[PDB]
Amino acid sequence: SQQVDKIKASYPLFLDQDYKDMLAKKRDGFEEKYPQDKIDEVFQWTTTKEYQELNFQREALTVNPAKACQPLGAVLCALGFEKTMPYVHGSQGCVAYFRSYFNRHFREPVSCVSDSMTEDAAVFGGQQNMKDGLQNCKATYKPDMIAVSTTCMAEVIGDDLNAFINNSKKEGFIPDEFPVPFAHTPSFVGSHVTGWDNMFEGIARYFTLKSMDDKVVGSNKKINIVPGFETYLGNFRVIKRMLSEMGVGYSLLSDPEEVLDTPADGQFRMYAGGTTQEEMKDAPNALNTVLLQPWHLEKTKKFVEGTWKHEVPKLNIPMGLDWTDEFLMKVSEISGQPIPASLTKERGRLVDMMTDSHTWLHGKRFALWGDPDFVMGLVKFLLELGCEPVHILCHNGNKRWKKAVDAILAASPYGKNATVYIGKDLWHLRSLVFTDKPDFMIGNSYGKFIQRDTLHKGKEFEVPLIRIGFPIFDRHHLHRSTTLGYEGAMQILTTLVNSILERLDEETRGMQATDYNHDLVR
Amino acid sequence: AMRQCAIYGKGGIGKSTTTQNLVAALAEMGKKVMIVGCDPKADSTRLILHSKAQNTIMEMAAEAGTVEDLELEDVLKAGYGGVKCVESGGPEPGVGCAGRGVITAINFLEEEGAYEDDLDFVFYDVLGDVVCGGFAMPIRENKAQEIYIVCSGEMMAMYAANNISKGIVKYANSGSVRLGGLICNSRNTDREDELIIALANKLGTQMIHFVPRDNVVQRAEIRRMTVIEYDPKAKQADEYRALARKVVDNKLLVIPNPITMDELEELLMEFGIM
Amino acid sequence: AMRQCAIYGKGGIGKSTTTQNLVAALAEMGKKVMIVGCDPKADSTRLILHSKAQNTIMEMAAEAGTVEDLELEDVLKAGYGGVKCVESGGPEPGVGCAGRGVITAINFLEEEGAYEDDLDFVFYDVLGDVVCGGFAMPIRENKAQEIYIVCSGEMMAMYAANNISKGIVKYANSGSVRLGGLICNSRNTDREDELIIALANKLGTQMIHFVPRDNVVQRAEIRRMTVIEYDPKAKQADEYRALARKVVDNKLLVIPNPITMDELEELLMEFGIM
Amino acid sequence: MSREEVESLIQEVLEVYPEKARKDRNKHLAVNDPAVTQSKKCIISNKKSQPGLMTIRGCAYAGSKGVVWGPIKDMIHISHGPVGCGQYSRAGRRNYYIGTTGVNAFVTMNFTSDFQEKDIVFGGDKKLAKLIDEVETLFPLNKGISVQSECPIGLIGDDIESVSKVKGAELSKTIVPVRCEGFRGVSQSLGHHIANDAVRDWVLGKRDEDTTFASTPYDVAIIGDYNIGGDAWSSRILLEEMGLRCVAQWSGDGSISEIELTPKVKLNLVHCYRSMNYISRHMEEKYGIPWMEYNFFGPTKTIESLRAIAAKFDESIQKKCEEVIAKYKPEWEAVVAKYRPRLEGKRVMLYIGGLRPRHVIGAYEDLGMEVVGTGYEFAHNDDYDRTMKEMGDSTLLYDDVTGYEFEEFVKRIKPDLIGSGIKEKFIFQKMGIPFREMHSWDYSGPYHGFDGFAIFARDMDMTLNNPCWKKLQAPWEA
Ligand SMILES: Nc1ncnc2c1ncn2[C@@H]1O[C@H](COP(=O)(O)OP(=O)(O)O)[C@@H](O)[C@H]1O
Ligand SMILES: Nc1ncnc2c1ncn2[C@@H]1O[C@H](COP(=O)(O)OP(=O)(O)O)[C@@H](O)[C@H]1O
Ligand code: CFM
Ligand code: CLF
Ligand code: SF4
Ligand code: ALF
Ligand code: ALF
Ligand SMILES: [Ca+2]
Ligand SMILES: [Mg+2]
Ligand SMILES: [Mg+2]
């Protein structure tokens with residue numbers, strides 16, 4: 001039943017007695033479910049160390065992974081170029097998934113195309129699909145460029161992207177000079193970030209490899225910046241802002257901030273801003289190239305150093321205090337520009353916030369996961385704050401990265417109880433937050449299910465989730481935030497401390513029980 | 001009744017030629033046979049249809065939209081001796097996935113009940129490079145029950161035979177498929193027969209028959225026909241007749257016992273010199 | 001300098017054996033060569049390494065975790081005449097996907113810079129059934145610049161040769177790969193030499209050389225070596241020395257001109273009989 | 001208005017496509033007409049999507065694992081292949097269930113083989129076998145396992161059925177191999193079919209010889225309701241209120257045991273014809289169980305369905321059916337009295353999967369709104385035959401519409417509201433057109449039955465008459 005004045009959606013609604021009675025009869029009559037005692041018993045069991053060992057012995061089963069496949073990253077990278085249409089050679093089911101995955105995080109439109117290879121195309125190859133596909137896309141969506149990546153199907157059967165594109169041109173399906181960069185993006189190799197790296201290197205090669213003759217390093221007096229897979233709009237903006245504030249000439253290669261944040265003014269814009277073709281062709285003339293997230297821009301680096309001859313600095317992602325400082329000093333050394341009073345003040349303000357909030361952050365244990373560069377940045381910042389990262393999980397991390405994170409952890413007394421796990425998933429992390437409870441965990445929306453599980457064991461065992469990372473589907477507009485630079489550090493810091501204070505207020509809200517510590521001033 | 005067999009072996013060893021010539025003999029004995037070609041090149045039924053088959057399952061499915069719109073009559077043809085032919089079909093060399101082509105072809109035939117009730121034999125003629133799961137489709141559960149590996153006294157051909165045997169063990173343990181024996185399609189090497197018999201014994205099977213190398217096979221091939229139809233009186237024609245009976249009466253069906261590379265090198269040294 | 005070549009052709013037509021013998025000749029001439037085996041069976045380097053190599057890229061990568069943790073030294077070995085040998089590797093027959101393994105193997109060689117600066121030649125030895133894109137990896141852009149198709153007067157072998165020629169066109173039109181010619185590895189058929197020459201002319205290429213069928217090849221093979229090493233004075237040894245020179249001095253590189261099945265039947269009837 | 005203008009609009013739109021695509025797409029756009037009983041003379045459907053035109057269609061995997069199998073509570077569904085398919089489809093469909101996630105229920109979780117390069121090159125059947133053993137250890141309360149094939153599994157020919165049979169016998173468990181390789185078919189549709197067949201082949205017959213189940217003359221089964229936002233539960237309460245006993249719900253809050261008990265029911269009530277007609281037709285020819293399509297979207301349809309259903313039984317059920325209708329009458333009448341005046345005359349354009357494009361029209365009309373355009377992502381022609389009667393004359397119909405087409409159609413038709421999926425939502429909102437997700441209900445309560453109609457009405461009004469739609473244009477820009 002419903003009261004027209006106070007209509008109930010599923011949550012309140014199914015708590016009405018008639019619905020409870022019904023679900024009870026459904027359960028007992030036909031579900032043949034295990035007794036509640038057995039369920040609780042098994043639940044408890046899944047929270048012990050005995051279960052944890054069995055859990056960590058897994059060799060074939062992955063449960064609740066913290067990573068996506070390559071093409072997802074290739075698409076995001078392509079969206080960063082002006083009037084470019086991400087084109088994924090292979091099955092259409094993929095593209096439907098890449099779009100909705102991004103639609104949900106950015107809550108924005110995401111344009112991506114597929115050449116819908118079906119059964120017979122998997123058998124005879126996907127060249128026709130490429131010829132008709134490139135022609136149809138160009139005519140219909142009028143892009144100025146089509147960036148081609150692949151689905152696993154096309155990768156297994158070894159569809160030759162280069163040969164298909166070249167023949168599509170030779171046969172008149174698209175103009176000879178129309179830019180069609182491409183990249184092989186194996187869903188069974190690496191993760192989404194590797195896709196971003198491959199797609200970018202493929203785009204840089206297309207506009208640069210065959211025309212290096214006239215290029216001179218440093219001639220355009222700019223600094224190229226490669227963001228890598230980034231899903232925080234504020235990160236693109238803060239980098240542009242800091243460089244311009246230093247009066248430093250820069251070229252951001254792959255800039256999707258505009259297409260991922262168009263205005264709702266009565267008009268739909270499929271394309272907006274983005275890195276221009278001229279900027280990419282001119283990139284070799286820059287003074288140097290900076291890679292914002294080195295741990296997943298490995299292929300790009302190799303190309304930029306070998307072909308462009310730029311001495312890519314060994315810099316960590318500019319997160320936290322020390323790495324942002326290092327980033328600025330390097331940029332200053334490469335461009336000759338001094339660090340302005342402006343940025344010096346901003347740095348001092350962050351330090352102020354750190355000092356003002358250090359007593360609440362000290363000793364707080366955290367479990368966290370995400371992509372390589374992001375996670376390392378958080379670890380580094382966490383340590384500077386006097387926090388204790390205890391479980392560091394990076395599903396798509398590798399041995400070298402782990403070695404580097406361990407070095408950052410050993411250089412700090414606060415990294416004494418931290419462990420770095422690679423190739424582990426959220427079900428592994430679930431075990432860790434039960435057997436070795438942290439105060440909070442930092443990760444994407446997938447961690448909500450972990451907070452749900454911990455609370456089920458009891459309020460005192462609950463581990464609240466702090467939403468930072470990708471993807472974030474259960475909160476609105478967090479993709480507008482910033483995690484890079486002093487600005488990003490200020491946002492992360494405010495979030496951590498207030499999360500801590502929130503939980504403290506929740507635990508002491510009980511009247512004549514715990515409210516003796518429900519202070520107005522914290 | 002109804003026996004399903006699958007033919008494997010070294011590339012170009014002569015399994016399609018032998019298969020068609022053996023089937024012609026089988027039809028001559030009054031048996032009802034159907035051969036299923038499982039090679040991108042649709043050349044496993046040329047000698048029976050007296051022509052290169054053009055209505056392959058894959059190519060026909062592509063035109064009809066989906067394999068779900070395909071109908072047996074369109075791809076099933078009859079030839080010499082009433083022998084029925086079907087070709088999986090596949091991509092030209094260097095593109096596509098021929099393995100998926102066979103997976104889809106066999107599944108189509110299974111659902112269309114092509115493997116009708118009154119057939120006496122069904123032969124799956126597989127290419128020589130079983131480089132994937134799709135080409136093992138013929139020996140999955142409820143398919144071919146016996147496998148014949150064609151080979152010769154050549155070192156490489158014997159290696160491929162032992163290699164294919166390792167691959168068979170999986171399907172033989174999970175199902176009921178068994179190796180029925182080795183067919184030596186002579187290539188005039190030294191002590192050829194001794195080599196094959198030696199390998200056979202090692203694997204735990206038998207050398208079903210020894211098919212002499214005869215240019216008559218080629219002459220009949222040029223004309224688009226088996227020896228049996230080209231020259232019934234030909235000495236080679238009787239070779240296939242003998243093979244046919246050996247196959248019809250064969251009762252030795254085993255699970256291959258693969259040998260190591262060193263055992264094979266050793267085997268060659270002993271029975272291959274002189 | 002530095003010429004990359006790919007060998008293709010009918011299954012079991014003799015490409016792995018001819019290549020190794022041709023290469024042994026090349027090294028005799030003082031040329032530096034690398035042979036890249038692109039066949040699941042890692043058998044394209046036995047006559048040069050005097051043993052079946054076991055350190056295949058794919059198997060080595062499976063052990064080291066990923067191909068990214070692999071290193072040239074572990075899979076690249078030098079053999080007779082200083083010839084360098086690498087094997088793609090793959091699964092046992094009937095499972096997995098050997099095509100993808102080749103794609104991965106080739107890229108690893110590319111990224112590890114195996115194709116060193118002072119090599120004179122690199123030969124990709126490809127299996128006989130190019131059933132997918134993976135096996136065309138050798139002839140994609142910036143790889144093999146010349147292709148040699150090995151065949152014989154046998155109807156099925158010439159059909160495979162023409163069929164492969166069709167698959168080459170996509171790659172030749174999009175890149176710089178060209179057909180360098182047909183190598184006739186004789187199998188004693190009638191008017192064999194005329195047959196191959198006619199087909200070559202039709203395709204628009206040439207019959208580079210005619211290797212005779214000689215059991216000495218088998219005796220050398222049994223002892224795990226090429227004829228050039230086994231018996232330098234052998235008449236067959238000189239046949240390979242002549243093949244080597246024809247290859248080194250070859251300047252005819254064209255785009256295959258595929259013929260229809262009917263044209264092929266008509267060609268067999270004209271130059272095949274008598 | 002006027003099919004003349006609509007047909008012209010269709011032609012104008014097709015002007016941008018290259019010849020080949022133009023000719024093909026033309027067969028998928030049409031102007032409805034109430035009398036044609038055979039839609040193959042008006043529109044063609046269930047065909048391949050033209051390459052590069054940005055369609056909204058999914059794959060067979062989404063159709064198998066995403067809609068049919070994933071809903072099942074106490075079974076573990078393994079996305080066999082590279083990590084990815086499984087990650088993107090994790091908890092993306094709101095098929096609601098009651099259970100203790102991670103111990104006796106696993107709907108919201110993503111189990112996968114996470115294929116790496118060596119798994120593709122060397123095969124993954126051994127990995128699948130080991131994976132099944134790990135699942136049995138860590139999740140002892142699972143009542144069955146299914147393995148949903150992703151693209152690569154279909155190409156390399158892994159022998160999943162063999163592993164399913166072997167491990168199945170060893171562990172004494174139901175292990176269902178599903179060959180839903182993405183590239184099969186042309187949409188989510190073939191995945192439904194493959195899924196139904198797997199149920200039939202590996203699960204449905206389990207209790208053919210068992211007779212310990214105590215049945216009644218009133219046993220029914222609801223099939224084709226995935227309990228989106230609780231849709232199935234708010235439907236179930238109505239059926240049981242009029243005296244029926246729902247022995248099973250197919251895949252929404254469904255368990256494997258109720259699936260196994262379906263062959264014992266007296267009548268199969270099918271909501272989603274597109275995805276479940278296959279198994280409904282099989283249960284009729286094998287068990288003699290009749291089936292009938294129903295519609296619980298809006299009061300007119302719900303009341304019509306309750307009466308048609310009740311007619312299949314005796315008088316006691318028909319009496320209870322009228323009692324159920326009398327009970328809710330005041331409630332839905334109150335809903336219309338309040339929301340119809342706010343929605344009256346507003347025009348809507350829809351584009352969904354294979355059922356709702358046609359099924360929700362009545363509820364819209366119950367609020368006085370008119371559906372000016374409708375279409376499906378992957379419907380067959382038997383779906384379009386059922387659609388022409390529901391749509392008004394001279395209305396627009398589109399099959400597997402492209403991004404460009406949909407956008408251009410909306411610009412000219414200028415509907416007051418659009419009901420589609422998440423991939424369209426943000427485009428139209430930018431254009432200033434109220435949009436409502438007709439798949440996930442935009443995370444809102446149920447829309448089925450009488451209780452859902454009230455939430456349906458409140459949602460349509462909340463969005464359509466929101467004040468933001470007036471602010472799109474900056475004051476300083478006429
Ligand atoms: N016993 C034989 N005598 C003469 N030629 C033979 C014999 N067996 C096979 N051949 C020849 O060898 C070629 C390859 O045979 P084919 O059936 O294609 O083998 P595969 O099925 O292994 O490819 C054919 O052209 C045929 O002339
Ligand atoms: N010129 C030749 N004379 C005699 N036998 C040969 C000759 N060339 C090849 N062979 C034989 O043919 C067998 C298979 O050839 P192989 O090199 O494996 O070719 P492919 O690589 O096409 O399979 C070898 O074991 C060898 O005995
Ligand atoms: S797009 Fe239903 S045939 Fe299927 S997930 Fe939605 S209009 Fe599906 S009603 Fe259903 S619960 Fe659906 S909303 Fe048939 S199940 S493949 Mo996307
Ligand atoms: S059509 Fe459908 S969703 Fe696509 S792959 Fe195939 S079953 Fe799966 Fe999977 S991992 Fe990523 S998302 Fe694709 S590239 Fe492969
Ligand atoms: S090796 Fe087999 S499964 Fe792999 S792409 Fe080639 S034909 Fe297909
Ligand atoms: F060379 Al084949 F079958 F024709 F192995
Ligand atoms: F059988 Al092969 F090259 F070894 F064709
Ligand atoms: Ca938005
Ligand atoms: Mg053959
Ligand atoms: Mg070989």
Side-chain angles (χ1 to χ4, degrees), chain B residues 8 10-14 16-17 39-41 43 46 51-52 54 90-99 101 127-133 135-136 139 153-157 159-160 163-168 170-171 187-190 213 215 218-219 221-224 261 265 268-269 272-273, chain C residues 8 10-14 16-17 39-41 43 51-52 54 90-99 127-136 139 153-157 159-160 163-168 170-171 187-190 213 215 218-219 221-224 261 264-265 268-269 272-273:
Chain B
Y8 289 83
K10 171 76 173 172
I13 201 69
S16 289
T17 293
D39 188 311
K41 300 190 284 66
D43 65 331
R46 172 166 170 283
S51 164
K52 234 290 293 184
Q54 284 309 308
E92 300 184 304
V95 70
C97 172
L127 82 187
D129 297 302
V130 289
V131 301
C132 42
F135 296 115
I139 64 168
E154 307 178 301
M155 188 284 139
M156 287 301 158
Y159 176 91
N163 191 222
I164 289 170
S165 285
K166 299 185 180 185
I168 292 170
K170 164 180 176 181
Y171 296 101
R187 195 148 273 176
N188 297 320
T189 70
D190 306 325
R213 161 156 272 275
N215 271 27
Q218 287 155 34
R219 292 182 238 117
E221 175 181 52
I222 298 293
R223 278 165 190 85
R224 309 182 195 189
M261 184 61 233
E265 288 288 33
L268 290 163
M269 288 300 273
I273 62 173
Chain C
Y8 285 92
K10 170 66 174 187
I13 205 66
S16 292
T17 294
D39 184 315
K41 302 189 279 69
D43 58 336
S51 174
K52 234 286 296 182
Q54 292 299 315
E92 301 184 304
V95 61
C97 174
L127 83 196
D129 292 305
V130 283
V131 295
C132 48
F135 292 110
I139 61 177
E154 304 176 305
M155 181 292 144
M156 287 306 144
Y159 173 90
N163 193 215
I164 290 175
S165 291
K166 286 180 194 180
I168 288 185
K170 150 180 180 179
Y171 295 96
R187 193 153 274 169
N188 292 313
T189 70
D190 306 328
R213 162 146 282 259
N215 276 26
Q218 285 139 42
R219 295 184 232 117
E221 172 170 61
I222 299 302
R223 297 181 179 66
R224 317 175 191 187
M261 180 65 242
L264 183 67
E265 291 288 36
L268 295 171
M269 288 299 261
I273 66 177

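Below, all heavy atoms of this structure are taken into account, side chains as well, without hydrogens, waters or symmetry copies. In what follows, chains are A, B, ... by sequence order, proteins preceding strands, each numbered from 1.
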Heavy-atom distances under 4.5 Å only: say whether [X] touches chain C with side chain, backbone, both or neither.
X	value
B/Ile273	side chain
B/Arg187	both
B/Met261	side chain
B/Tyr8	neither

- Message: Has C/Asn215 got a side-chain atom pairing as donor or acceptor with B/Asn188's backbone, closer than 3.5 angstrom?
- Response: yes

- Quick one: does B/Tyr171's side chain have a donor or acceptor within less than 3.5 Å of a partner on C/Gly94's backbone? yes

Is the shortest heavy-atom distance from the side chain of [X] to the side chain of [Y] under 4.5 Å?
X	Y	answer
B/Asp190	C/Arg219	yes
C/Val131	B/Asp129	no
C/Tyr159	B/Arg46	no

- Message: Restricting to non-hydrogen atoms, name the atom on C/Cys97 and the atom on B/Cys132 that form the minimum distance, rounded to 0.1 Å.
- Response: CA-CB, 4.3 Å

- Query: Nearest heavy-atom pair of C/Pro93 and B/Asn163: which atoms, and what distance?
  - Reply: CG-OD1, 3.1 Å

- Distance in Å, C/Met155 CE paired with B/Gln218 CD, rounded so as to fall on 0.5 Å steps: 12.0 Å

- Separation between OG1 of B/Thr189 and CD1 of C/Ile222, rounded to the nearest 0.5 Å: 8.0 Å

Shorter than 4.5 Å, heavy atoms on both sides: which option in [options] has the most such pairs with chain B?
options	result
C/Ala136, C/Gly96, C/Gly128	C/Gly96
C/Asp43, C/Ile164, C/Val95, C/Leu268	C/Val95
C/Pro40, C/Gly167, C/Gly133	C/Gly133
C/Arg223, C/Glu221, C/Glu92	C/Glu221
C/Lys10, C/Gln54, C/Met269	C/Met269
C/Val130, C/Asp39, C/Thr17	C/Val130

- Note on the structure: Interface check, chain C: of B/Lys166, B/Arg213, B/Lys170, most non-hydrogen pairs under 4.5 Å belong to B/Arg213

